[PDB]
């Protein structure tokens, strides 16, 4: 029931390939992905290339995306499209009509927002007749523009961020009705007290909860490369995200997971990949696992943080790397041969402060009491899920999720 895919980083040109779109290079990339057994790709337009002026959405760029989508479908790959990039791999791609003389908050300016909505509706409507089109993700961790540590953020309130998300997803739904439209925020949404994108936003707006699991976020540094916390980090984000859902079986999509050097050294990447995926597949209701990323980044492109270059499952010339070989069996076995995991009946209480804005959510970050209690329960074999403090004695909430035992971080010690 969990699907298996990759975040597609075009080997020739990286995301700048939209400026030199080569369908045969894309076909060869997708062939090398399909050969490892994946069933979907997550793909990335570059927003200022597609919408260089607020009222110019380039039809040729839309046609190229459709051709990419059709090429993926010929190779047995479904396609999720991320709209607003926005941020990719340390670089911000911002249209000139949003910056300096035209600086206008990405989340609140009425004209920017209507321009974003028309962009997203246009992409979704163009792919709506593709059977392998899964739906849209609003944008790749667009929440990284909304506050620190961004050097120049478009600060917003949680109320403002939620309003914006609902408008963006309405546009996706109007473009492609009935498809799988979601938003996907990086882990500040679960770990930073002040951050305006909240756990509630992730679990209650959009079709599924998307989480992006990256052990350079303090996890590998604090607990160690070969620790239980590092191996279980993706499973933790999946079970943590469930605490805020209103539907007891709302799917959680592990939409990014990668093996970043030096926190996961190259010679440990395959072992880490297998352990991380084994752990997350012991979590019920996982929509899918989508590895970051398909192909190493061309070192002929300068100024990436070193870690970005070697995140591929395939080399830049499409050779299978050790983690690619590894995943291409923690997929064949995970598919077909791995039973859906049993329910997790022990829930750890998550006290994130009252209201829906999670002002104390850093207890969930690496080093926090909720994080460490979850990892302790995990090491003990308890297979924990999570429950909000507000629901810790809510018998209807617990029964709907099959939770029979509730423990606080203090109980765990």
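Numbering follows the first chain given and starts at 1.
**Q** Per the record, averaged over C-alpha atoms, which has the higher B-factor: 168-176 or 227-235?
**A** Taking the mean B-factor of the alpha carbons in each, 168-176 is higher.
**Q** Hey, which bit's got the bigger mean C-alpha B factor in the entry, 138-146 or 73-81?
**A** The recorded data point to 73-81.
**Q** Sort 305, 248, 288, 199 by C-alpha B-factor from the entry and give me just the highest.
**A** Top of the list by C-alpha B-factor: 248.
**Q** Highest Cα temperature factor in the entry, among the options 255, 294, 336, 274: which one is it?
**A** Of the candidates given, the C-alpha B-factor peaks at 336.
**Q** Within this chain, which third does the Cα B-factor at residue 153 fall in: lowest, middle or highest?
**A** Answer is lowest: the recorded C-alpha B-factor places it there.
**Q** Considering every modelled residue of the chain and its Cα B-factor in the PDB entry, is residue 9 in the lowest, middle or highest third?
**A** As the PDB entry reports it, the C-alpha B-factor of residue 9 lands in the lowest third of its chain.
**Q** How does residue 346 rank on Cα B-factor within its chain, lowest, middle or highest third?
**A** Highest third of the chain for residue 346's C-alpha B-factor.
**Q** Sort the modelled residues of this chain by their C-alpha B factor and say whether residue 131 lands in the lowest, middle or highest third.
**A** For residue 131, the deposited C-alpha B-factor lands in the highest third.
**Q** Quick one: classify residue 217 as lowest, middle or highest third of the chain based on its Cα B-factor.
**A** For residue 217, the deposited C-alpha B-factor lands in the lowest third.
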